[PDB]
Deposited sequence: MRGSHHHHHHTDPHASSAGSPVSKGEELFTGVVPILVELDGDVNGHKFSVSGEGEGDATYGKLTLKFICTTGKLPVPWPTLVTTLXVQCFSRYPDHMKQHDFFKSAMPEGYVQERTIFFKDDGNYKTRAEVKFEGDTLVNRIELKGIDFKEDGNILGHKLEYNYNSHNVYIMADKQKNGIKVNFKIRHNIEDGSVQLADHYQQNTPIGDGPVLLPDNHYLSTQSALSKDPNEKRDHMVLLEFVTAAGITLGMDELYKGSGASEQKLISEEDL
């Protein structure tokens, strides 16, 4: 099953409910993924008005099952192996010298659709900091996402640092600590240590007057030899 469900273009839905320093919001995303290209094409709208944080701070929260695993690495793809029952993903994200987000999501098929549902809580943000003071540039860097088997349970531990460009020419770091565990019974691949190498471009929809983000993303697994 697992990887089988991903052989063509799969439609995606994303739903996020967040509350950061008391400002509640929600975001709905729609688009598609092509795991053979490690490619995502998505549009996200804030359905509750203006987004109280910068859109780039939410890119990682807003489907690593669409990463490209190369042929020789297929036995390390935990994400697709958990499907269709899917997995729970949890993070804490520490914005250096500022607040943090804690998040919990379920990623699974609902019908023919891969759906990411998330709840996000963030606190201790600085009112005129980079986040809440909207000082981040509307762009996105390339990163390496480090993945390891969870020694204790069927699942993985994942760690990385997101670099967020600030408009004055400095960089804000967001340290991600992540855990994924399967939802269902179907056994899962517990992978050797490896990483994903990511690329993302943010844009806007010229017909869209709501607060929104368009996203194009390319991700491949790597760091296993052959």
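- Counting from residue 1 of the deposited sequence, the stretches lacking C-alpha coordinates in this chain are 1-23, 86, 251-272.
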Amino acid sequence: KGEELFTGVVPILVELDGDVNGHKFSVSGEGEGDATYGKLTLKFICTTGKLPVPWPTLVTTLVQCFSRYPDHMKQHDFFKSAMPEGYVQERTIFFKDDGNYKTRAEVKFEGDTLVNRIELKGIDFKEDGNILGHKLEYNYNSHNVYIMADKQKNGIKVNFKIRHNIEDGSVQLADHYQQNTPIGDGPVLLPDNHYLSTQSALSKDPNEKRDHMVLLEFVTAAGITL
From here on, numbers count along this sequence of modelled residues.
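- For the two regions 40-48 and 186-194, the entry's Cα B-factors average higher over 186-194.
- Comparing 153-161 with 53-61, the higher mean C-alpha B-factor in the PDB entry belongs to 153-161.
- Residue-level temperature factors show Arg104 in the middle third of its chain, judged at the C-alpha atom.
- When all modelled residues of the chain are sorted by CA temperature factor, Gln172 is found within the middle third.
- Sort the modelled residues of the chain by CA B factor and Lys135 lands in the middle third.
- When the modelled residues of the chain are ordered by their C-alpha B factor, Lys80 lands in the middle third.
- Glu208: CA B factor lies in the middle third for its chain, per the PDB record.
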